[PDB]
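Q: Take a look at the following structure, please.
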Amino acid sequence: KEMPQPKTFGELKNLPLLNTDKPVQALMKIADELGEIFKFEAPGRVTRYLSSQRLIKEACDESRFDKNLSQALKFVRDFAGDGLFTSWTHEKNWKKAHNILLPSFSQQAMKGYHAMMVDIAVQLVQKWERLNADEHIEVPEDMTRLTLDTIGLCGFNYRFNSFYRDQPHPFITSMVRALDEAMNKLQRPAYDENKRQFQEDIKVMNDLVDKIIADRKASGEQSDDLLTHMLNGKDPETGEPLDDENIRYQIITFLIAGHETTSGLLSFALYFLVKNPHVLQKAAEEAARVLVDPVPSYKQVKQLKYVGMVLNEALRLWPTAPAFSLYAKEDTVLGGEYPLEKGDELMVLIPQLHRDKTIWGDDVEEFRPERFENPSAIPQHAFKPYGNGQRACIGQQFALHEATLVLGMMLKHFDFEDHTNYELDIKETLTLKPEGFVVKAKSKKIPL
Amino acid sequence: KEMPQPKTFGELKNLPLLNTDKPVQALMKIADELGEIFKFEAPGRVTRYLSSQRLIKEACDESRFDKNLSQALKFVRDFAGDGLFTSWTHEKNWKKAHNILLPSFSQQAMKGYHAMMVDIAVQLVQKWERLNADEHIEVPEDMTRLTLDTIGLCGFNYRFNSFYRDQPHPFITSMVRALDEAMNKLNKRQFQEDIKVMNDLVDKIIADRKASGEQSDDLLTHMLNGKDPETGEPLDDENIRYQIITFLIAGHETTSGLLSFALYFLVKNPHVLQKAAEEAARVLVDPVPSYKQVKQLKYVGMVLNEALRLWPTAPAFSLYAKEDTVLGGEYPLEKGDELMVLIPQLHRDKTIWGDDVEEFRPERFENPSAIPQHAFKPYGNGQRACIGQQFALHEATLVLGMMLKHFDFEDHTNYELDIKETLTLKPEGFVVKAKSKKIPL
Ligand code: HEM
Ligand code: HEM
Numbered sequence: 004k005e006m007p008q009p010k011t012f013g014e015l016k017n018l019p020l021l022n023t024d025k026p027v028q029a030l031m032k033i034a035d036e037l038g039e040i041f042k043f044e045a046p047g048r049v050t051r052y053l054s055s056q057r058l059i060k061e062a063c064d065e066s067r068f069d070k071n072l073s074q075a076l077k078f079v080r081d082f083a084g085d086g087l088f089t090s091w092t093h094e095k096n097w098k099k100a101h102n103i104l105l106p107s108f109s110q111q112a113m114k115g116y117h118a119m120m121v122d123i124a125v126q127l128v129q130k131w132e133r134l135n136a137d138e139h140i141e142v143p144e145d146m147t148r149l150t151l152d153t154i155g156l157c158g159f160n161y162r163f164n165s166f167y168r169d170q171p172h173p174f175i176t177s178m179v180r181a182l183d184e185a186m187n188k189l190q191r197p198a199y200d201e202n203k204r205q206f207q208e209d210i211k212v213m214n215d216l217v218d219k220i221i222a223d224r225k226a227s228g229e230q231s232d233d234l235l236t237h238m239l240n241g242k243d244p245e246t247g248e249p250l251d252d253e254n255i256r257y258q259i260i261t262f263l264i265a266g267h268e269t270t271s272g273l274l275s276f277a278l279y280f281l282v283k284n285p286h287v288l289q290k291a292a293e294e295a296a297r298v299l300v301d302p303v304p305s306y307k308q309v310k311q312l313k314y315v316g317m318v319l320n321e322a323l324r325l326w327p328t329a330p331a332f333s334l335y336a337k338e339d340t341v342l343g344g345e346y347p348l349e350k351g352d353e354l355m356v357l358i359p360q361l362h363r364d365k366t367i368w369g370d371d372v373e374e375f376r377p378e379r380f381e382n383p384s385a386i387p388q389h390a391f392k393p394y395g396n397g398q399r400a401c402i403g404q405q406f407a408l409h410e411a412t413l414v415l416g417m418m419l420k421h422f423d424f425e426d427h428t429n430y431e432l433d434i435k436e437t438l439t440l441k442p443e444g445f446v447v448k449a450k451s452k453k454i455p456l
Numbered sequence: 004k005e006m007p008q009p010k011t012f013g014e015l016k017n018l019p020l021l022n023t024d025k026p027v028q029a030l031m032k033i034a035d036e037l038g039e040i041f042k043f044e045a046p047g048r049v050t051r052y053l054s055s056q057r058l059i060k061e062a063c064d065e066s067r068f069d070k071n072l073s074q075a076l077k078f079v080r081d082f083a084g085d086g087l088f089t090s091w092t093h094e095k096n097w098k099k100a101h102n103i104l105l106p107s108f109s110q111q112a113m114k115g116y117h118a119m120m121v122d123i124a125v126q127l128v129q130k131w132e133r134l135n136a137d138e139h140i141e142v143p144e145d146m147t148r149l150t151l152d153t154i155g156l157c158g159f160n161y162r163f164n165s166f167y168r169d170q171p172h173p174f175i176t177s178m179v180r181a182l183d184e185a186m187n188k189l202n203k204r205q206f207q208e209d210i211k212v213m214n215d216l217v218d219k220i221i222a223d224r225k226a227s228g229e230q231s232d233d234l235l236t237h238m239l240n241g242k243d244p245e246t247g248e249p250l251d252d253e254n255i256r257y258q259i260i261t262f263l264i265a266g267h268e269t270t271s272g273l274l275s276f277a278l279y280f281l282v283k284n285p286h287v288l289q290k291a292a293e294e295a296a297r298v299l300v301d302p303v304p305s306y307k308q309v310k311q312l313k314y315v316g317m318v319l320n321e322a323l324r325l326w327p328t329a330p331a332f333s334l335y336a337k338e339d340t341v342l343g344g345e346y347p348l349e350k351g352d353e354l355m356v357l358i359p360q361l362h363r364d365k366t367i368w369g370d371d372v373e374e375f376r377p378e379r380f381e382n383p384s385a386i387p388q389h390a391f392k393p394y395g396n397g398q399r400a401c402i403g404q405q406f407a408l409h410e411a412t413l414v415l416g417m418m419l420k421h422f423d424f425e426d427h428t429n430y431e432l433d434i435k436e437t438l439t440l441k442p443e444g445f446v447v448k449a450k451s452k453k454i455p456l
């Protein structure tokens with residue numbers, strides 16, 4: 004009946020126990036001590052962390068709880084606006100864009116993005132093929148170069164050309180700097201430069217995207233990107249199309265929501281494979297057997313089952329957008345024991361949910377892709393790396409198609425060496441990534 | 004591409020080869036002679052017996068094959084109904100009960116059953132402590148007393164009190180008579208009376224519990240309170256009765272057989288017995304073992320897996336092809352064709368275990384991640400694998416651990432292994448003498 008809660012230290016509340024830049028990892032250790040639910044207070048606020056499948060299945064009931072805009076999401080809203088990720092469910096533009104954009108994010112729609120994904124995936128393979136004998140790869144950096152360029156191309160037919168540069172395209176530099184500022188504001197005279205830079209980064213992002221939308225409207229061109237879809241879609245409900253300013257926010261939103269979650273997934277999967285050579289061999293044997301043409305077809309990506317299983321198991325251990333927030337829509341009782349008032353906040357701690365031993369067995373820290381061999385047998389709401397319900401990741405099929413395609417190509421074309429005996433270091437921002445992960449590849453010399 | 008087949012006898016097909024008291028052992032000799040796959044026919048039935056890890060790993064692919072209700076399970080369904088073990092995977096009650104019960108059979112859930120398991124284990128150890136100098140133990144008989152009573156207490160908080168009797172509680176007599184009758188069919204008046212004795216007792220305990228509202232640590236409390244996450248429905252009272260009967264039927268003899276074969280293998284290999292007893296002595300430092308202490312009995316757990324490797328006490332399971340498919344690139348099957356997995360022969364596959372397959376060497380399980388996927392399957396496969404696996408191992412680890420802490424054992428008759436076959440396997444007539452080390456219990 005009373006909710007477990009870590010030790011409080013006078014006016015500081017539980018704040019002294021989070022003196023870190025890795026709060027999710029610190030919170031998982033607190034969940035290991037106090038269990039499936041605990042309240043966490045700091046001078047400002049109060050939140051309740053949930054870790055078990057049994058309480059997370061209740062918090063996922065949409066007639067009772069809806070998505071909350073955390074303080075992180077409110078700061079990201081200054082440049083992401085009322086795009087799908089930083090909007091409340093009750094805003095008119097949330098529902099309109101949701102209805103309009105769902106059909107363009109389905110499994111079927113992936114058939115139309117496939118060729119543009121293969122385009123960027125071939126540039127990464129060629130980069131690694133062209134490395135001299137004494138070089139090495141910076142994994143998260145290269146994967147991020149790929150995901151930004153793929154989202155840029157599929158989203159609005161724009162080429163950032165990240166594999167041609169040491170310093171990213173100006174849009175990327177401003178987006179990433181705006182994101183970093185939004186997150187650094189969470190732990191905050198001498199910030200006047202931060203403020204002027206943040207306003208400059210917003211105008212760089214808006215001007216470019218507003219220009220491409222206007223350029224596209226003036227030409228009449230039709231293309232296979234999300235921008236065409238939004239220029240010609242109408243919400244079946246209200247009958248209206250999205251307006252130019254909201255399309256710009258969705259474009260920014262695809263990039264900020266998709267770039268590091270997907271690059272982090274590819275980097276953690278490759279980390280798990282080089283630390284588990286037998287798994288790597290089985291995944292590499294599948295890629296060799298399935299990817300028989302010079303470049304993969306859509307249908308061949310769909311048949312890389314074990315590669316998909318490695319990706320889901322990497323997402324089970326380190327889900328790359330690790331926590332999401334919800335509010336009680338009305339007074340209610342959680343799990344028969346914890347009363348909540350309307351407006352009370354809950355946080356879903358995904359990595360801990362994914363280590364619930366009543367679901368997965370006692371061996372939760374082992375990397376075992378075989379856990380996903382039969383997807384129909386994973387219990388309802390046990391695996392939630394893409395969030396929940398109508399507010400779940402609209403880009404889920406896009407992210408799995410992209411990662412399955414790329415990891416398959418990586419395993420086909422190269423052998424990998426963990427030449428530094430890399431020690432895992434998980435940096436936390438809006439997302440997770442294995443900071444400083446580095447490998448050497450040896451080409452299998454298979455022509456593209 | 005052509006599959007071997009043992010001798011046929013006209014319209015009797017291969018049936019007559021199974022007119023024996025030890026059919027799985029007859030099947031192993033046929034597997035020894037024909038290899039990794041053979042066809043076996045009866046009047047209007049066909050099945051293919053698999054023995055090699057290479058073919059059985061494909062058989063365990065759930066997108067291609069699902070559990071089949073063999074003739075034995077259809078006879079056990081007359082009293083086990085639509086409980087978990089005798090239901091098709093596509094029956095609504097199979098999924099309902101599975102979703103609800105899964106979390107109550109997890110390793111974590113064993114912490115809630117540990118105290119009642121200890122209650123019955125201590126009753127077994129005390130019986131042996133109280134034997135006089137001129138006495139011996141009947142192993143499988145005492146192990147079955149223990150597993151029936153533990154499943155009865157942990158499943159529905161009911162005491163059979165098998166250590167207070169020469170003749171078992173009446174439910175137990177009807178259940179073992181009913182199982183025997185279903186196995187002999189591969202009578203009718205007695206069979207119907209025995210079903211009724213089982214349903215009357217189990218239906219009464221369920222109606223008593225709902226009337227009182229008491230909440231206890233058993234499986235029945237879980238079933239009265241659970242709701243299937245998918246449909247939102249509870250199990251009804253009839254199905255709850257079938258699950259209780261099913262736990263008793265599926266768990267009692269497989270688990271007591273495992274305990275009997277482990278002790279047998281230990282008295283025949285004294286250096287392994289002494290290494291297991293030295294672990295028990297170092298870990299079980301309290302007069303009442305704790306849940307955490309049982310988990311530290313690693314070599315005892317390896318002795319039990321090695322006993323299950325040689326004589327897996329539920330030795331064969333049946334599968335059917337979901338769609339037309341080819342097995343191992345050589346054997347084309349049609350939708351509905353049946354496969355039988357011969358577990359003892361799988362566990363003797365020299366290409367996985369080495370040439371010393373007949374030797375008892377617990378050290379083979381030192382590194383559990385080194386055993387290839389589908390090489391070791393005493394609990395069946397996938398979503399239709401034994402839901403009781405954690406329960407069975409905690410129980411057996413707890414009990415063997417206690418045995419080795421408290422007694423020294425003598426194979427006083429120099430017992431000659433004789434494996435009796437029913438639904439399960441056991442070492443019939445296995446007897447030993449135990450001398451107490453006089454340690455507080
Ligand atoms: C493996 C990669 C990814 C992961 C783990 C991931 C995870 C998530 C999560 C957990 C949410 C819900 C956030 C919340 O409840 O506050 C979300 C929402 C969202 N994601 Fe993803 N994401 C990934 C890739 C992508 C990609 C590739 C795109 C787009 C190209 C994308 C676009 C979105 C959008 C637009 C939303 C908001 C949807 C709505 O509320 O209507 N994500 N994602
Ligand atoms: C050493 C002990 C045991 C062994 C070797 C064993 C073996 C097996 C095997 C081989 C199966 C699969 C049968 C098939 O494929 O048709 C099975 C299923 C099952 N077992 Fe066990 N068993 C043991 C103990 C137990 C215990 C202690 C319980 C209950 C407390 C139990 C309850 C069940 C149930 C309910 C099923 C059917 C599950 C389903 O299909 O959903 N068993 N067992």
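Chains as they are written, first to last, in full-length UniProt numbering: chain A, 4 to 191, 197 to 456; chain B, 4 to 189, 202 to 456. From the three backbone atoms N, C-alpha and C, an ideal C-beta is built for every residue, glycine too.
May I ask you to verify whether the stretch 406 to 422 of chain A touches the stretch 105 to 125 of chain A, counting CB pairs closer than 8 Å and requiring at least 3?
A: Yes: at least three Cβ pairs fall under 8 Å.
Q: Could you tell me whether the stretch 288 to 297 of chain B touches the stretch 235 to 244 of chain B, using the rule of 3 or more Cβ pairs below 8 Å?
A: The stretch 288 to 297 of chain B vs the stretch 235 to 244 of chain B: no contact.
Q: In terms of alpha-carbon separation, which member of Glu-374/B, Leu-419/B, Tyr-279/B, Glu-229/B lies closest to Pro-304/B?
A: The candidate whose alpha carbon is nearest that of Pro-304/B is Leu-419/B.
Q: Against chain A, with Cβ distances strictly below 8 Å, would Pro-171/B count as a contact?
A: For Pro-171/B, the answer is no, since every Cβ of chain A falls outside 8 Å of its Cβ.
Q: At a CB-CB cut-off below 7 Å, which residues of chain A make contact with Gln-258/B?
A: Neighbours of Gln-258/B on chain A: none; closest Cβ ~19 Å, over 7 Å.
Q: Whole angstroms are fine: how far does the CA of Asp-137/B sit from the CA of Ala-45/B?
A: For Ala-45/B and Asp-137/B, the distance between alpha carbons rounds to 50 Å.
Q: So which residues on chain B does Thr-340/A lean against when the C-beta distance must stay under 8 Å?
A: Those do not exist, as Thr-340/A stays about 17 Å from chain B at its closest Cβ, beyond 8 Å.
Q: Going by DSSP, what residue range makes up the beta strand (DSSP E) through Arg-204/A?
A: It is not in any beta strand (DSSP E) - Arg-204/A instead sits in the alpha helix (DSSP H) that spans 200 to 227.
Q: Which residues in chain A have a C-beta closer than 8 Å to the C-beta of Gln-230/B? List them in chain order.
A: By Cβ distance, chain A contributes nothing, its closest Cβ being about 13 Å from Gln-230/B, past 8 Å.
Q: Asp-423/B lies in the beta strand (DSSP E); which residues open and close that run?
A: 422 to 425 is the extent of the beta strand (DSSP E) around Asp-423/B.
Q: Please say whether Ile-264/A and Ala-83/A have beta carbons closer to each other than 8 Å?
A: Cβ atoms of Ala-83/A and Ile-264/A: closer than 8 Å.
Q: According to the neighbour-count rule (16 or more other Cβ atoms, all chains shown, within 10 Å of its Cβ), is residue 200/B buried or exposed?
A: Since the model of chain B includes 189 and then 202 but nothing between them, residue 200/B has no atomic positions to report.
Q: Within its chain, find whatever has a CB closer than 6 Å to the CB of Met-317/A; leave out the 5 residues flanking it on each side and keep chain order.
A: Correct list, in chain order: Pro-377, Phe-380.
Q: Name the chain A residues whose beta carbon is nearer than 9 Å to that of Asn-102/B?
A: Ordered by position in chain A, the residues that pass the 9 Å Cβ test against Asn-102/B are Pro-387, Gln-388.
Q: Looking at C-alpha atoms only, which residue of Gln-404/B, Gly-403/B, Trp-368/B is the closest neighbour of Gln-388/B?
A: Of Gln-404/B, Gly-403/B, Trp-368/B, the residue nearest in Cα terms is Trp-368/B.
Q: Cβ of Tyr-257/A versus every heavy atom of ligand 1: is any distance shorter than 7 Å?
A: Flag unset: Cβ of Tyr-257/A not near ligand 1.
Q: Near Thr-261/A, which residues of its chain fall below 7 Å by C-beta distance, leaving aside the five closest residues on each side in sequence?
A: Cβ within range, chain order: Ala-83, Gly-86, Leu-87, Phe-88.
Q: Please go through the stretch 279 to 354 of chain A and give each complete alpha helix (DSSP H) segment of 4 or more residues, from N-terminal end onward.
A: Those alpha helix (DSSP H) runs which fall completely within the stretch 279 to 354 of chain A and span 4+ residues are 285 to 298, 306 to 310, 313 to 325.
Q: Smallest Cα separation from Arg-168/A: which of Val-356/A, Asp-145/A, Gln-190/A, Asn-17/A?
A: Ranking the options by Cα distance to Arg-168/A, first place goes to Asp-145/A.
Q: Since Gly-369/A meets chain B, which of its residues come closer than 8 Å, beta carbon to beta carbon?
A: In chain order: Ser-109, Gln-110.
Q: Measuring alpha carbon to alpha carbon, tell me which of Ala-277/A, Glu-36/A, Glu-65/A ends up nearest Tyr-52/A.
A: Among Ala-277/A, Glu-36/A, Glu-65/A, the Cα nearest to that of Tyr-52/A is on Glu-36/A.
Q: Quick one: does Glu-132/B have its CB under 8 Å from some CB of chain A?
A: Cβ-Cβ to chain A under 8 Å: no for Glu-132/B.
Q: Please go through the stretch 347 to 425 of chain A and give each complete alpha helix (DSSP H) segment of 4 or more residues, from N-terminal end onward.
A: Counting whole runs of 4 or more residues, the stretch 347 to 425 of chain A contains the alpha helix (DSSP H) stretches 358 to 361, 365 to 368, 404 to 421.
Q: CB of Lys-70/B to nearest heavy atom of ligand 2: below 7 Å?
A: Because some heavy atom of ligand 2 lies under 7 Å away, the Cβ of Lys-70/B counts as near it: yes.
Q: How many Å lie between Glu-39/A and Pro-19/A at the Cα?
A: Approximately 21 Å, taken between the alpha carbons.
Q: By the criterion of Cβ-Cβ separation under 8 Å, what are the contact partners of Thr-366/A in chain B?
A: Those are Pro-106, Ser-109, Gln-111, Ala-112, listed as they occur along chain B.
Q: Could you check whether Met-113/B and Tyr-306/B sit closer than 8 Å to each other, using their CB atoms as the reference points?
A: In this structure, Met-113/B lies closer than 8 Å to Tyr-306/B by Cβ.
Q: Where do the ends of the alpha helix (DSSP H) carrying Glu-245/B lie?
A: No alpha helix (DSSP H) holds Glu-245/B; DSSP gives it neither H nor E.
Q: Along the stretch 37 to 67 of chain A, what residues have a CB closer than 7 Å to any CB found in chain B?
A: Within the stretch 37 to 67 of chain A, the residues whose Cβ lies closer than 7 Å to some Cβ of chain B are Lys-60, listed in chain order.
Q: Any chance you could list the alpha helix (DSSP H) runs of at least 4 consecutive residues sitting entirely within the stretch 50 to 84 of chain B, in chain order?
A: Counting only runs of 4 or more, we get 56 to 62, 74 to 83.
Q: If I'm right that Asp-64/B touches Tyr-335/B with Cβ under 8 Å, what's the distance once you round it to whole angstroms?
A: Actually they are not in contact, since the Cβ atoms of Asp-64/B and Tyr-335/B sit about 13 Å apart, beyond 8 Å.
Q: Here's the rule: buried if 16 or more other CB atoms are within 10 angstroms of the residue's CB, otherwise exposed. What is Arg-162/B?
A: Burial call: exposed.
Q: If the criterion is Cβ atoms closer than 8 Å, does the pair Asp-223/B and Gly-158/B meet it?
A: No.
Q: Would a check of beta-carbon distances place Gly-397/B closer than 8 Å to chain A?
A: Yes - at least one Cβ of chain A is within 8 Å of the one on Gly-397/B.
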